[PDB]
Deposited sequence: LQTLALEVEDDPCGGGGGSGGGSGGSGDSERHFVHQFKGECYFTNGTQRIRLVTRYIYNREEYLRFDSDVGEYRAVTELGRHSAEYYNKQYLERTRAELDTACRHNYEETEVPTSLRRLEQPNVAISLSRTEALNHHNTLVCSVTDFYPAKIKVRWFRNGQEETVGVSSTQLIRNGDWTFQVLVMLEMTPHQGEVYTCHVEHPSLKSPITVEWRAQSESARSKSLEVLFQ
């Protein structure tokens, strides 16, 4: 038999620190039983396991827990995330591969691999002879590598004829977009 307890402190930020919401969670195994939520303003029992806990936490800790919206959430964001997490900029690498061996008049997929970028915001577009492609484009979910970089693969359904295909990538880390060409 194994037993687990978790505590989660969560600071949600909108428009910098103009809007902050603090949520703390007390969890037994995987059951959240007690929660503070700054939008509520007090602790509440989430399940019966926390029924008598919520009154005690409100009586003993509530002023400190509310104060943490400023002393922890706002402080950590303005003083420490602004100069580290929020200024990190990693430029994407862009490569194009064909899914299947190239054959005239045969269906294929062009894959634009966009890798190692940060932050997550990115715009990837496929072009054919300068014409943006709408239908036949698909994308993997954004893949979190766990090392503070992302990757995404953007696919284009196509059929090689006779001409030129371009993957186009815009990202906050780039002064100008990246373009990579493939010729049929």
Exercise. Enumerate the deposited-sequence segments absent from the coordinates, judged by C-alpha atoms, in order of position.
Key: 1-30, 193, 216-230
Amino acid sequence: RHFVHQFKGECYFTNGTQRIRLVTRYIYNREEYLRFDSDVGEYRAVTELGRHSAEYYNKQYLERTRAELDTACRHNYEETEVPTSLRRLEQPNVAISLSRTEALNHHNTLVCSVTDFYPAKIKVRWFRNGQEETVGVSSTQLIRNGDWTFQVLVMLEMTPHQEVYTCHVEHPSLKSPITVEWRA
From here on, numbers count along this sequence of modelled residues.
Quiz item: Of 86-94 and 101-109, which one has the bigger average CA B-factor?
Solution: 101-109
Exercise. Compare the mean C-alpha B-factor of 44-52 with that of 29-37 as given in the PDB entry, and name the stretch with the higher value.
Key: 44-52
Quiz prompt | Candidate set 147, 63, 70, 133 [ranked by C-alpha B-factor, highest] | solution = 133
Practice problem: Check where residue 20 lands among this chain's C-alpha B-factors and tell me if it's the lowest, middle or highest third. | Solution: middle
Exercise. State the tercile, meaning the lowest, middle or highest third, of residue 139 with respect to the CA B-factors recorded for its chain.
Key: middle
Quiz item: Ranked by Cα temperature factor within the chain, is residue 8 in the lowest third, the middle third or the highest third?
Solution: lowest
Self-check item: Entry-reported Cα temperature factor of residue 58, expressed as the chain third it lands in
Solution: middle
